[PDB]
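Encoded as structure tokens, the structure appears first; notes follow it.
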Amino acid sequence: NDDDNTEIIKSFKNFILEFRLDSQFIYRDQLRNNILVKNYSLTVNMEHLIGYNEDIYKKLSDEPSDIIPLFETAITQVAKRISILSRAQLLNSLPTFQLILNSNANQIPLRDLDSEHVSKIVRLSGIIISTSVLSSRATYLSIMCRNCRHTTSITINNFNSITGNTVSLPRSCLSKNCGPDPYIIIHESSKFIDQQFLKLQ
Amino acid sequence: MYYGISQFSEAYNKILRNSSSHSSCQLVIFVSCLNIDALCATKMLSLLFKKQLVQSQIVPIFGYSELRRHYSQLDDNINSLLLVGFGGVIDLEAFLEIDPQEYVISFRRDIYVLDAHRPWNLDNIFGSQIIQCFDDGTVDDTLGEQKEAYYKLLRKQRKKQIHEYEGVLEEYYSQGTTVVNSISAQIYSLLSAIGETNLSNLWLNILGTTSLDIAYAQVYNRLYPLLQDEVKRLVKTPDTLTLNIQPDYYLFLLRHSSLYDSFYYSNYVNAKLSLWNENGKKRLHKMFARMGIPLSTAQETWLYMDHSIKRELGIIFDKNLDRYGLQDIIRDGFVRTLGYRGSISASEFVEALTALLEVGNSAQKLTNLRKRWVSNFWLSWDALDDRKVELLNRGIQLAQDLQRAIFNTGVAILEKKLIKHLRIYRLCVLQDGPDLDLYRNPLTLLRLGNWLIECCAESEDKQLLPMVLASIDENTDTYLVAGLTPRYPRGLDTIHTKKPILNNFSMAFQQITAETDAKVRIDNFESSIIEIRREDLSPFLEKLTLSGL
Amino acid sequence: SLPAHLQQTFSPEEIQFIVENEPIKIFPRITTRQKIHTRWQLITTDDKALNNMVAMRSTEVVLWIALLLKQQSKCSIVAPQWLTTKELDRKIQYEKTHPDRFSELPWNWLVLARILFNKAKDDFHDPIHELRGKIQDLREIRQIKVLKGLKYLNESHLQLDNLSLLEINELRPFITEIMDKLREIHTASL
Amino acid sequence: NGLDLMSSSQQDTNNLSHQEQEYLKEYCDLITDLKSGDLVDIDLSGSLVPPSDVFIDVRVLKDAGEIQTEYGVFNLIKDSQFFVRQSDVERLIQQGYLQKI
Amino acid sequence: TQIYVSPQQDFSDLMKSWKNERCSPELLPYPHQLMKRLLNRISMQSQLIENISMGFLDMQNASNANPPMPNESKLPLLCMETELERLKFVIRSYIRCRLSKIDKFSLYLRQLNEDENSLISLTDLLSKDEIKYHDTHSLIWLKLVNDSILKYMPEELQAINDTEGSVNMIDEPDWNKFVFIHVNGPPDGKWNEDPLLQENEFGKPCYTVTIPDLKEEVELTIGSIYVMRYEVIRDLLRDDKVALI
Ligand SMILES: [Zn+2]
């Protein structure tokens, strides 16, 4: 189970560290310039990914929502590798890097979307009619108990691939005779990101 | 023959002995513009002479007037001249008023002419020492009889010998113009004999040999096995170079456009299925439905098209294409891969090169057009190197646009039935229409004519007649007329291929011009393309009808 | 020369020239040992090596002469010792294990590398891409160390023991101007 | 080269004051005199980019006739490519007659 | 210099002087003898190459004869001519840099030259052609400024060499500019006979300099690159103890 995830992360790390045309490793310099300006994000062109290897593109096209977090954590692993000195052993305030994709595939009209486009990567065009106000989303939650009263941390990603995707509270305590879910949320010492809604016509 | 294939190296050595200098340019090359084979040969020679640090200059020319003017411009310091892609069919000494005694000292200069056209000037062979050429293996065997007559022609009953010599000379002449070998092939044979072959040379030779697939398929089939054997003789790290023999098809930019557009714009499938009317489109949709590829899937780019059907395309074609007579589309081609940039094929490369030649960037505007053509040739030459790909993507998109325009004009011609069928030859004139300004290019006109010839040949008619095509340019008020030979269907056996169809249009044009005072201008290197006046076309045509072809 | 502000610092072309004005080893393909022929008789290089030469032997010539002979088939440039994987491994281990010292490395660093990878491509025993990647990793490590060390800029002096030519050149104007500003601020304050 | 390049930069140079124009002429005189001393064998107003290669490809930019060089002659046909020595065409390149160094 | 070990030594001295002058904020003296040798060397080398080229040309053009062998013939003359071009480029850059520097500091050097108490003379710093350049350029610029602007101001401030009032007009060089140095040590192979160098822990011979403004002492060891101001480093640079990068 975990071995396949490590293999995929290693494959993406090899791709990002190895991709060079002529005499430049473009993605590594892109990471350097992004980190220097406090823009923890990376842009992947799909044609380069296809040309490097086809199996990774096939896997990304098959199950995008599962695969993407592995890539977006390989990116932050490589960034911490090529930006921070170990010094024979801190701040480490580097969140998970955002992945941005570009492609040149055929466009699909809005009315042509049907049941066969579920959980697939699509490209389309439209007009923006309204923008919602921004809201907060938790990423690293500090969870505290009441009876046994210990500390725990929950790491949650933004991709779901399903309706639920949510581990609300673990059943039973971590090992006396506590309740089913005797936990609360410590709002301080927590990390939050921003989300927005849009309407397309 | 003057220079046999085995003697090439010797001549090459002479060039060094006459051109290797420290601070003097002693070699000048004239190339046949608007020709892919000439460009390939020029690139190979340029690399060769850059290897040994021999200083040189490259000068493209368009017409015989430019050739004569530039030859007049030259100085006596230039010991060696190269004339690649033309000059075989005429006697240069008469054209260039070359005095052998002015250039005797012997070998004051050297002029190496290297051309492919099989019929040429026999006096240029057997008369003059100063002019010298590289034979492809034709004089040694075919010309065994004509040389005796020429040597003998160089007591009252001796007139029989003179009559026989004149008859032999006439029989040797009155032959249509043809091409039987490749300049790039000859240069690569020389390189193989010398010992400087490599992958760049092989790629250029492949381009030069595959540029003839459209018109000289017999020559292409004769030359293919040598290329196959030579490429046999010679982890995806970012610096691998792969040259492989992968199956390919007679399709228009298959790996850069959608499969649907490829099947739609492929000339052979167009001819075989009559795509200009609605029944062709119905049969194409039948093809797709029976193969099983979804239409919306087949209308996607080749990069993003489904991997499973990409893998199974060969089997799908092999199982589906037999019913409808398209099984001749499958062939074997060369694929070049370098790094992570992708894969390309020789056919796509030559299509991109031709399109970039076509589109890029009275007497005064004619000169401006010829200068723009020279600049386009230079741009196409610069696009050859692997360090530039924005000069090849543009060529590919221009090829797509030009093929679209050609298809749009051809369907209109076919539906309006402007093809007039005479007793001897078919005639078609483009009096009016859209985008007529594009057809001022001879290669664009030849592409249009090739498509029309394919469409006419893929019919039930049992008459092989030459086709005459004309255009208009309103600024000049002249007709650009090109003569075209008939072609056999590509799916035919070699038994009925004793000799390629000859072209008598140049002979007919020159005879009519020599007997009437028409205001024409025959200066193109291709002798079957002339410029005629709008007012003078019709009587001229009548003469062509009433003259012996 | 003036050309705007190009009188204060060296251009990269001048750096390449001054680096390529250095000796190097060569394995010749031909021989021109004197018949016991035209004398080389240069004015800024020992002609004894060029004149007294014989094929398949080691000798030292200036870099540009080696490049000129490499343009022809008369040369085979011998790679230096520090252009190999087994030395670069211990080098990168040295920088990683020492988070304060710049590693010992010739001041022609990155420049001989660029030139050799540009011209002498086929004479390397190790694959080119791996060496280029290792060099890139060293460049990244030294860049990180330089950024870490620049955080303090005293007004009196500063020390940089093992910086190459290009690293010094690309940093000279900023450091020079900042230090000059600080110095003049202190001088005006007293 | 101290010639002010009136054949090619502003054309009339009339935006300069007359005093500035005579100052320019005096400075051109000084430039001409400077290389007339003990440095006569060095082109001081030549290129300042260090020489890096001996042979380069050169593409013609403007049409002319034929120009003599040492031991040879170059005919400047419009849109032609030369494979010549670098240090023989620097004067032409500075004047703008050649392109694609 | 008094004698040559080898022409390569002259080449090295020329390059070192060029590098020193390029980054120096002050106009340094003039090495007459080095260029005196170099110009004669260039002249004789050019004469030799032209002579051999003309001889081969006459041999090749008197009759057909035998063309010269490409081996050991083209490559040598190619090497001589490219080396001569490189040397000419270096000398040209050096001379043009000196011209720019004397352009900037014309008034200051003219002011110091007329001072009798100053031990430095303009003759040592400037070549004769540079003297002519300085004087003629100064006269022409003075004529221009007098005709254009100075004709209209009153007598109180017509002089452009005024050093009174609010702001002075003479530009002294910035002796406190920060420069990059490499401690070359003693030019001798013994590198241990100088009366200035001392030692620290683990040996490490070094020179001790002081900054009067900061009342500090700085240790400068052999083989370490330093970024240090210029005012106190003039002596070490002059004695070829350190080399500017
Ligand atoms: Zn508990």
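Note on naming: chains are A, B, ... as they come in the structure tokens, residues start from 1 per chain, ligands start from 1 in the order shown.
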Which residues sit within 10 Å of ligand 1, counting only C-alpha atoms and all ligand atoms, listed as number ranges by chain?
-> A: 145-151, 172-179, 182
Could I get the residues of chain C with an atom no further than 10 Å from an atom of chain E, each paired with its nearest atom pair and that distance in Å to one decimal, using only C-alpha atoms, sorted by chain and residue number, as a tab-separated table?
```
residue	atom	partner	partner_atom	distance
C:1	CA	E:97	CA	4.3
C:2	CA	E:100	CA	6.3
C:3	CA	E:100	CA	9.9
C:6	CA	E:22	CA	9.9
C:7	CA	E:22	CA	6.8
C:8	CA	E:23	CA	5.8
C:9	CA	E:23	CA	7.0
C:10	CA	E:22	CA	8.5
C:14	CA	E:90	CA	9.9
C:17	CA	E:86	CA	9.4
C:18	CA	E:15	CA	9.1
C:30	CA	E:71	CA	9.8
C:31	CA	E:72	CA	9.6
C:32	CA	E:72	CA	7.4
C:37	CA	E:72	CA	6.2
C:38	CA	E:72	CA	6.1
C:39	CA	E:76	CA	7.6
C:40	CA	E:76	CA	5.4
C:41	CA	E:80	CA	8.2
C:42	CA	E:80	CA	6.2
C:43	CA	E:7	CA	6.4
C:44	CA	E:8	CA	4.9
C:45	CA	E:8	CA	6.5
C:46	CA	E:8	CA	8.3
C:64	CA	E:79	CA	9.6
C:65	CA	E:79	CA	7.6
C:68	CA	E:79	CA	8.8
C:69	CA	E:75	CA	8.7
C:155	CA	E:228	CA	9.3
C:156	CA	E:228	CA	7.2
C:157	CA	E:228	CA	5.1
C:158	CA	E:227	CA	5.3
C:159	CA	E:226	CA	4.8
C:160	CA	E:225	CA	5.5
C:161	CA	E:224	CA	4.8
C:162	CA	E:224	CA	7.6
C:163	CA	E:225	CA	8.0
C:165	CA	E:245	CA	8.5
C:168	CA	E:180	CA	8.5
C:169	CA	E:245	CA	8.8
C:172	CA	E:180	CA	8.0
C:175	CA	E:178	CA	8.9
C:176	CA	E:178	CA	5.9
C:177	CA	E:178	CA	8.4
C:178	CA	E:178	CA	9.8
C:179	CA	E:178	CA	7.1
C:180	CA	E:177	CA	6.3
C:181	CA	E:177	CA	9.9
C:183	CA	E:176	CA	8.4
C:184	CA	E:176	CA	8.9
C:186	CA	E:213	CA	9.7
C:187	CA	E:213	CA	8.2
C:190	CA	E:213	CA	9.3
```
Which neighbours of segment 45-60 of chain A fall inside 7 Å, counting only C-alpha atoms, when residues of the same chain fewer than 2 positions from it are skipped, and could you give them as a ChimeraX atom specification?
-> /A:43,62-64,67,101-103 /B:340-342
So that I have them on file, write out the residues from the current selection with N, CA, C and O atoms, as a PDB file, in the first residue's frame.
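Okay, this is what ended up in again.pdb:
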```
ATOM      1  N   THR A  43       4.701  25.091 -11.771  1.00  0.00           N
ATOM      2  CA  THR A  43       3.884  24.910 -12.963  1.00  0.00           C
ATOM      3  C   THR A  43       4.461  23.786 -13.810  1.00  0.00           C
ATOM      4  O   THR A  43       5.647  23.809 -14.150  1.00  0.00           O
ATOM      5  N   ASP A  62      -5.684   8.510 -15.094  1.00  0.00           N
ATOM      6  CA  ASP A  62      -6.610   7.509 -14.574  1.00  0.00           C
ATOM      7  C   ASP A  62      -7.281   7.989 -13.291  1.00  0.00           C
ATOM      8  O   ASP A  62      -8.509   8.113 -13.228  1.00  0.00           O
ATOM      9  N   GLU A  63      -6.492   8.261 -12.254  1.00  0.00           N
ATOM     10  CA  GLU A  63      -7.005   8.673 -10.947  1.00  0.00           C
ATOM     11  C   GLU A  63      -6.309   9.963 -10.542  1.00  0.00           C
ATOM     12  O   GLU A  63      -5.316   9.945  -9.803  1.00  0.00           O
ATOM     13  N   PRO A  64      -6.808  11.110 -11.010  1.00  0.00           N
ATOM     14  CA  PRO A  64      -6.108  12.371 -10.723  1.00  0.00           C
ATOM     15  C   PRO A  64      -6.145  12.767  -9.260  1.00  0.00           C
ATOM     16  O   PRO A  64      -5.117  13.190  -8.713  1.00  0.00           O
ATOM     17  N   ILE A  67      -3.672  10.715  -7.205  1.00  0.00           N
ATOM     18  CA  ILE A  67      -2.270  10.828  -7.597  1.00  0.00           C
ATOM     19  C   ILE A  67      -1.706  12.196  -7.230  1.00  0.00           C
ATOM     20  O   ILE A  67      -0.564  12.303  -6.766  1.00  0.00           O
ATOM     21  N   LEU A 101      -1.166  23.139 -13.481  1.00  0.00           N
ATOM     22  CA  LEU A 101      -0.990  22.410 -14.727  1.00  0.00           C
ATOM     23  C   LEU A 101      -1.398  23.269 -15.916  1.00  0.00           C
ATOM     24  O   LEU A 101      -2.262  24.142 -15.809  1.00  0.00           O
ATOM     25  N   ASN A 102      -0.752  23.012 -17.050  1.00  0.00           N
ATOM     26  CA  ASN A 102      -1.119  23.599 -18.329  1.00  0.00           C
ATOM     27  C   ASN A 102      -1.165  22.499 -19.379  1.00  0.00           C
ATOM     28  O   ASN A 102      -0.415  21.522 -19.306  1.00  0.00           O
ATOM     29  N   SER A 103      -2.054  22.659 -20.353  1.00  0.00           N
ATOM     30  CA  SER A 103      -2.213  21.651 -21.391  1.00  0.00           C
ATOM     31  C   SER A 103      -2.799  22.303 -22.633  1.00  0.00           C
ATOM     32  O   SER A 103      -3.313  23.423 -22.585  1.00  0.00           O
TER      33      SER A 103
ATOM     34  N   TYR B 340      13.877  14.584 -25.120  1.00  0.00           N
ATOM     35  CA  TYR B 340      12.482  14.544 -24.710  1.00  0.00           C
ATOM     36  C   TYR B 340      11.595  15.458 -25.549  1.00  0.00           C
ATOM     37  O   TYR B 340      10.464  15.742 -25.146  1.00  0.00           O
ATOM     38  N   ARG B 341      12.084  15.931 -26.697  1.00  0.00           N
ATOM     39  CA  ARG B 341      11.299  16.833 -27.531  1.00  0.00           C
ATOM     40  C   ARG B 341      10.192  16.114 -28.294  1.00  0.00           C
ATOM     41  O   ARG B 341       9.169  16.731 -28.608  1.00  0.00           O
ATOM     42  N   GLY B 342      10.369  14.833 -28.604  1.00  0.00           N
ATOM     43  CA  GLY B 342       9.331  14.081 -29.269  1.00  0.00           C
ATOM     44  C   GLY B 342       9.886  13.312 -30.444  1.00  0.00           C
ATOM     45  O   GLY B 342      11.099  13.106 -30.562  1.00  0.00           O
TER      46      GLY B 342
END
```
Nearby residues (only C-alpha atoms) at most 7 Å from residue 79 of chain A, same-chain spacing under 4 positions excluded, as a VMD selection string = chain A and resid 31 75 83
Write out as CSV a residue-level contact list of segment 250-367 of chain B versus segment 398-401 of chain B with cut-off 7 Å: for each qualifying residue the closest pair of atoms and the distance in Å to one decimal, counting only C-alpha atoms, rows sorted by chain and residue number upward.
```
residue,atom,partner,partner_atom,distance
B:351,CA,B:399,CA,6.6
B:352,CA,B:399,CA,5.9
B:355,CA,B:399,CA,4.8
B:356,CA,B:398,CA,6.9
```
How about saving the chosen residues, N, CA and C atoms kept, as a PDB file, in the first residue's frame?
```
ATOM      1  N   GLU B 351       7.364  17.875 -45.652  1.00  0.00           N
ATOM      2  CA  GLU B 351       6.184  18.722 -45.817  1.00  0.00           C
ATOM      3  C   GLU B 351       6.382  20.073 -45.142  1.00  0.00           C
ATOM      4  N   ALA B 352       6.939  20.071 -43.928  1.00  0.00           N
ATOM      5  CA  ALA B 352       7.205  21.329 -43.240  1.00  0.00           C
ATOM      6  C   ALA B 352       8.206  22.176 -44.013  1.00  0.00           C
ATOM      7  N   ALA B 355       6.481  23.700 -47.092  1.00  0.00           N
ATOM      8  CA  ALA B 355       5.579  24.783 -46.720  1.00  0.00           C
ATOM      9  C   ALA B 355       6.345  26.029 -46.311  1.00  0.00           C
ATOM     10  N   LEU B 356       7.458  25.855 -45.599  1.00  0.00           N
ATOM     11  CA  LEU B 356       8.245  27.009 -45.192  1.00  0.00           C
ATOM     12  C   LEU B 356       8.897  27.675 -46.395  1.00  0.00           C
TER      13      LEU B 356
END
```
Output as a VMD selection string all residues of segment 145-325 of chain B that backbone DSSP marks as alpha helix (DSSP H).
-> chain B and resid 146 to 153 159 to 172 183 to 194 199 to 210 217 to 233 259 to 265 267 to 273 278 to 291 295 to 298 307 to 320
Per residue of chain D within 8 Å of chain C, what are the shortest atom pair and its distance in Å to one decimal, counting only C-alpha atoms, with rows by chain and residue number, as JSON lines?
```
{"residue": "D:49", "atom": "CA", "partner": "C:13", "partner_atom": "CA", "distance": 7.2}
{"residue": "D:50", "atom": "CA", "partner": "C:14", "partner_atom": "CA", "distance": 6.4}
{"residue": "D:52", "atom": "CA", "partner": "C:17", "partner_atom": "CA", "distance": 7.4}
```
Can I get the selection written as an mmCIF file, in the first residue's frame, with N, CA, C and O atoms?
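Once written, result.cif looks like this:
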```
data_model
loop_
_atom_site.group_PDB
_atom_site.id
_atom_site.type_symbol
_atom_site.label_atom_id
_atom_site.label_comp_id
_atom_site.auth_asym_id
_atom_site.auth_seq_id
_atom_site.Cartn_x
_atom_site.Cartn_y
_atom_site.Cartn_z
ATOM 1 N N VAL D 49 35.372 43.271 -27.785
ATOM 2 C CA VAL D 49 35.039 41.910 -27.362
ATOM 3 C C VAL D 49 36.244 41.013 -27.623
ATOM 4 O O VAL D 49 36.776 41.018 -28.745
ATOM 5 N N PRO D 50 36.708 40.255 -26.635
ATOM 6 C CA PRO D 50 37.898 39.419 -26.827
ATOM 7 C C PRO D 50 37.691 38.413 -27.943
ATOM 8 O O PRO D 50 36.589 37.865 -28.103
ATOM 9 N N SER D 52 37.397 35.062 -29.653
ATOM 10 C CA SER D 52 37.093 33.738 -29.130
ATOM 11 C C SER D 52 37.135 32.632 -30.172
ATOM 12 O O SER D 52 37.403 31.484 -29.813
#
```
May I have a table of the residues of chain B lying at most 8 Å from chain D, giving each one's closest pair of atoms and their distance in Å to one decimal, counting only C-alpha atoms, ordered by chain and ascending residue number, as CSV?
```
residue,atom,partner,partner_atom,distance
B:23,CA,D:71,CA,6.0
B:24,CA,D:72,CA,4.4
B:25,CA,D:72,CA,6.5
B:50,CA,D:83,CA,7.9
B:54,CA,D:83,CA,8.0
B:55,CA,D:83,CA,5.2
B:56,CA,D:83,CA,5.4
B:57,CA,D:82,CA,4.6
B:58,CA,D:81,CA,5.3
B:59,CA,D:80,CA,5.3
B:60,CA,D:80,CA,7.6
B:74,CA,D:75,CA,7.9
B:77,CA,D:72,CA,7.5
B:374,CA,D:79,CA,7.7
B:375,CA,D:79,CA,7.2
B:378,CA,D:79,CA,7.9
```
Dump C-alpha atoms for the selected residues as a compact mmCIF listing (two decimals), in the first residue's frame?
```txt
# COMPACT_ATOMS: atom_id res chain seq x y z
CA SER B 23 43.03 34.17 -46.66
CA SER B 24 41.33 33.72 -50.03
CA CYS B 25 37.86 32.49 -51.00
CA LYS B 50 33.47 23.32 -42.70
CA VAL B 54 37.96 25.49 -46.43
CA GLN B 55 36.55 28.98 -46.90
CA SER B 56 33.52 29.20 -49.18
CA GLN B 57 30.42 31.15 -50.15
CA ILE B 58 26.83 30.05 -50.85
CA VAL B 59 24.78 31.92 -53.47
CA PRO B 60 21.22 30.90 -54.42
CA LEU B 74 32.75 36.67 -60.94
CA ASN B 77 40.47 34.46 -58.51
CA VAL B 374 15.50 33.72 -52.10
CA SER B 375 14.89 35.00 -48.56
CA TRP B 378 17.55 31.16 -46.65
```
Please return, as a list in words, all residues of chain C lying within 9 Å of chain B when only C-alpha atoms are considered.
->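 Written out as asked, the residues are residues 71, 72 and 129 of chain C.
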Contacts of segment 90-92 of chain D at 9 Å or less, counting only C-alpha atoms, minus same-chain residues fewer than 5 places along, as a ChimeraX atom specification?
-> /D:46-47,97-98
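Shell of residue 99 of chain A at 12 Å, with only C-alpha atoms counted and residues fewer than 5 places along the chain excluded, is residues 31, 39, 40, 41, 42, 43, 44, 45, 67, 68, 69, 70, 71, 72, 73, 74, 75 and 76 of chain A.
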May I have the residues of chain C within 12 Å of chain A, counting only C-alpha atoms, written as an NGL selection string?
-> :C and (93-101 or 114 or 117-118 or 128-145 or 147-148)
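Taking only C-alpha atoms, the non-local environment of residue 142 of chain B within 12 Å (same-chain residues fewer than 6 positions away omitted) comprises residues 1, 118, 119, 135, 136 and 172 of chain B.
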Counting only C-alpha atoms, which residues of chain B come no farther than 10 Å from chain E, as a PyMOL selection string?
-> chain B and resi 16-18+20-22
Just asking: which residues within segment 17-228 of chain B are strand (DSSP E) according to DSSP, as a PyMOL selection string?
-> chain B and resi 27-32+56-61+80-84+110-114+131-133
